[PDB]
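The data below hold one chain only, encoded as structure tokens and taken in the form solved without this ligand.
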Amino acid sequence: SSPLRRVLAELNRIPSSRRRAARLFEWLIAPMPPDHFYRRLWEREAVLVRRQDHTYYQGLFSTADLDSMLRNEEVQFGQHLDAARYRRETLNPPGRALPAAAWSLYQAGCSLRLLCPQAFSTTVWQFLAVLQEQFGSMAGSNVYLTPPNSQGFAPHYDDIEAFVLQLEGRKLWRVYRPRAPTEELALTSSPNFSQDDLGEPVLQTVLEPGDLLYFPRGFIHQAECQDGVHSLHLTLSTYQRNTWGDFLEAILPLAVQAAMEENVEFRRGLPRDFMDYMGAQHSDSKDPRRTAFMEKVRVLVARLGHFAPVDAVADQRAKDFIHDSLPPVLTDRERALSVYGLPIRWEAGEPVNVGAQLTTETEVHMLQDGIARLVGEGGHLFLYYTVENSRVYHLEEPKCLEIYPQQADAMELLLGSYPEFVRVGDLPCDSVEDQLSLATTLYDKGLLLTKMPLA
């Protein structure tokens, strides 16, 4: 047993994918309640959870897992594994990362960074796939392996929300509040800093297996070796470029374009002579045409809010989130009740069970709650889905299927009413054949499950 294997068996038994995302996150920070965490701590404060349980994460990832993937899997330096010694010197021999070369670099003082553990570990995959569903943002991970008595990286801050889960050994972390207003919730990663750049840490602790450390983007952090032992931790990262400003970036051009098409005031010609009083050379001119020009800009910018296509941009963001998502991890029930667990197979020179079909009696809901998004584009409707994504980020292009207007209302019904079962024959389409057709298309793609297995 282990608290991790225990929460996973529980996850396997929770019917809603939405609820199992909430449960897993609750586990991640236990005993702190998530509502308190998100309202008071998320994006505001560094958080230490002292677990008092070295066993908490057992089974998530281990140095033994890393050793195994080095030999059994096609781990490449640069692409998958960084080896670094500390200024920062990257000792990446080009090519395959063999145990021989990796472990040799480690004995010589290099830290090992696995860039994509979810690509090679079914457990990390499941972990990130369920968690992405309650962030609404891609969730990545790196695993870090630090040898005994090695110098630590320079202090710096990142552009993502970080959760560090201490897996093996011990490490002394120092984290710092943003040092100036500009660095609070920073837009981009920092350069490396000198000790003399830093204030006092807001948080300093020796992390032990099972512990958790969270800090927002813009919080400087630094870590060093302890007690003559090694260190392994997994870092979980989210909220890359998931800002009110990023939403605004997409909204604005569309809003100006809408205001122009729909309001004459936006289509009126500039003054013939605004170049006489606007421009850097005129920055302290006391010309009242300049004051009037400025006001008119502010008035029009302000009115643009009425023209903001918020819903269409929400949908484009949802489309990109689908494209960024890890593919889903099916429960045993979900598998059994879907195309994936359907007993059609080759058996003694022939297939068996071919012909199993949906009927109007079949009861139906989406496989999971975070696998699909209906998006209207250039007059047409497309259901984008995650079920064919690779465990490698953007390895695949975005996948969709066209949803026809006769079946649009049924689709929104399915998306809106998970995990409630609905009869195929109760789907709001104009025809029986449109009901079956939508149901079959979705089931075949792996987007749907049936209340009982087919035939």
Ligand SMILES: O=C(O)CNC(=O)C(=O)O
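Take the two forms, superpose them, and find the largest set of C-alpha atoms that agree within 1.5 Å; that set is the rigid core. Don't overthink the numbering: it's just position in the shown sequence, from 1.
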{"item": "Other PDB entries, at least a third, lacking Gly355", "value": "yes"}
{"item": "Interval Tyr86-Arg87, deposited residues with no coordinates in the entry (none, 1 to 3, 4 to 9, 10 or more)", "value": "1 to 3"}
{"item": "Mean C-alpha B-factor comparison - 427-435 and 440-448, higher one", "value": "427-435"}
{"item": "Higher-scoring stretch by recorded Cα B factor average, 96-104 or 344-352", "value": "96-104"}
{"item": "Residue of maximum C-alpha B factor among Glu377, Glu334, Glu265, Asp246, per deposited coordinates", "value": "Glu377"}
{"item": "Identity of residue with top Cα B-factor, from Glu397, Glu45, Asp35, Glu388", "value": "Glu397"}
{"item": "Among modelled residues of the same chain, the CA temperature factor third for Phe193", "value": "highest"}
{"item": "Chain thirds of CA B-factor: placement of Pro117", "value": "middle"}
{"item": "Assigned third (lowest, middle, highest) for the C-alpha B factor of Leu81", "value": "highest"}
{"item": "Chain-relative CA temperature factor third for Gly136", "value": "lowest"}
{"item": "Within-chain third of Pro181 by Cα B-factor, per the entry", "value": "middle"}
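What follows is about the form deposited with this ligand bound, which we do not show.
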property: Proximity of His221 to this ligand in the entry with it bound, heavy atoms at 4.5 Å; result: yes
property: Contact label in the entry with it bound: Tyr214 to this ligand, heavy atom within 4.5 Å; result: no
property: Non-hydrogen atom contact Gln204 with this ligand in the entry with it bound at 4.5 angstroms; result: no
property: Proximity of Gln76 to this ligand in the entry with it bound, heavy atoms at 4.5 Å; result: no
property: This ligand in the entry with it bound reached by all of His156, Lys171 and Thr235, non-hydrogen atom within 4.5 Å; result: yes
property: Contact residue in the entry with it bound, chosen from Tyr144, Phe321, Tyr239, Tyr384 - any heavy atom within 4.5 Å of this ligand; result: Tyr144
property: Stretch in contact in the entry with it bound with this ligand, which is absent here, among 273-281, 156-164, 91-99, 196-204 (heavy atoms within 4.5 Å); result: 156-164
property: Of the candidates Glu347, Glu295, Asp273, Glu261, the only Cα that travels 2 Å or more between the shown form and the other one, given a rigid-core fit; result: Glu347
